[PDB]
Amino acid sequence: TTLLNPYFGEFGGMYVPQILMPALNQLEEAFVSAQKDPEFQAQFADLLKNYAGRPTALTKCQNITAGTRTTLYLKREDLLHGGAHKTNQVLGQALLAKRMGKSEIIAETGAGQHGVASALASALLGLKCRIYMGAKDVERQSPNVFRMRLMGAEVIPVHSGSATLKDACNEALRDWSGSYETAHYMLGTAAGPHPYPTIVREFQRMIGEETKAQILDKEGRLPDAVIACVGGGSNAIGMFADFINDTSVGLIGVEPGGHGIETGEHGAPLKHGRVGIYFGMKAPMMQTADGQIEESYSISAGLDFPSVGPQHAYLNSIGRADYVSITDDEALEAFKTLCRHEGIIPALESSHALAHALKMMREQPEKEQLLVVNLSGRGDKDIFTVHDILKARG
């Protein structure tokens, strides 16, 4: 038994080996306790403001919407220390580790963004951090690996399986099963086994809370829709959370379309996958007809999770939130468009959310609509990838 419901409808659960259940039940009690602790909240709030840079800006985009009736605001999580929203929840998770007496930190990473945030959080709070990463990702994210190593972290390449993110996720839980008495597994998205989807949501929910306050201030009304890209669901549920009971506000999550849903080479399990059991949860998954878990594809290395957070799958099923996809070419174009017209270089991840907002604007240019896009990260890490693409053409 748990203190909190591990399920969002039919989705979620705690599908881990029996040996890891005490580790999970310990993590849940620490969370419920820390959530009632004002001195935990004070410490959390202080690291967010004075170390991470919160509150982040809410930038209006007059240029990009000119000639239409759309008003577009960007939630500037790209200005957060570390360059992405990942920093928010690692600071809370690392405080949770110390509250439990834990000394070490386990982390998985694909794009390297979660690994960098885990490293910086560990350096700040005096925790020994080891990071697992697929060997194919390590070779492709040598900048982020070097940053992680610069910040004192051990980067362990995983050659198991397909040597990508799902295999690093496996190696972290393997590590955790024997080391949980001293180490804390700092899961990097709003997925995995309970209590992680609840914990990661509550540690990212300041994104939406600030957006609500900042939009009531600037516009005097709630947005018509908030739009966020969805890898595992961390940044999207962080934005959605404070709006779920404002039923007039649309919740739009964007999954990577890859080369196209028709081509099979995408990463949109919520809408174009099949429910399975993996990574300790019941959730939609990219899987073979046999039940083997395959890889996502996206131009965006951060949207490479083969599944999705269970609360998103739940919110989809009750019709509260909507989920679309955006192809690689659509994201690259939105990337280009924000660079030339607002002087902001977005992450290829967040470029998917922006690309759908541009589509809502362009397909119906006379529609009066107040849109907010969650800019989950800055795109300085992607200029090399964008360069090689348009060098291969024009």
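In this text, residue numbers run from 1 along the sequence as written. Whichever C-alpha set is largest while still superposing within 1.5 Å between the two forms counts as the rigid core.
A fit on the rigid core, followed by a root mean square over CA positions in 4 other deposited structures of this protein, ranks 68 to 76 against 104 to 112 and picks 104 to 112 as the more shifted one. Put simply, when the other structures in 4 other deposited structures of this protein are lined up on the rigid core, the C-alpha atoms of 179 to 187 lie farther off than those of the other stretch, from 179 to 187 and 204 to 212. According to the PDB record, 162 to 170 carries the higher mean C-alpha B-factor of the two stretches 162 to 170 and 236 to 244. Annotation for 90 to 98 versus 133 to 141: the higher mean temperature factor (C-alpha) is found in 133 to 141. Of the candidates 263, 71, 317, 204, it is 263 whose Cα B-factor is highest according to the PDB record. In the PDB entry, the Cα temperature factor peaks, among 82, 231, 310, 291, at 291. Ranked by C-alpha B-factor against the other modelled residues of its chain, residue 184 falls in the highest third.
Annotation for residue 224: CA B-factor lies in the middle third of the chain's modelled residues. Ranked within its chain, residue 337 lands in the middle third, by CA B factor from the PDB record. In the PDB entry, a CA B factor belonging to the lowest third of its chain's modelled residues is recorded for residue 53. Residue 11: CA B factor lies in the lowest third for its chain, per the PDB record.
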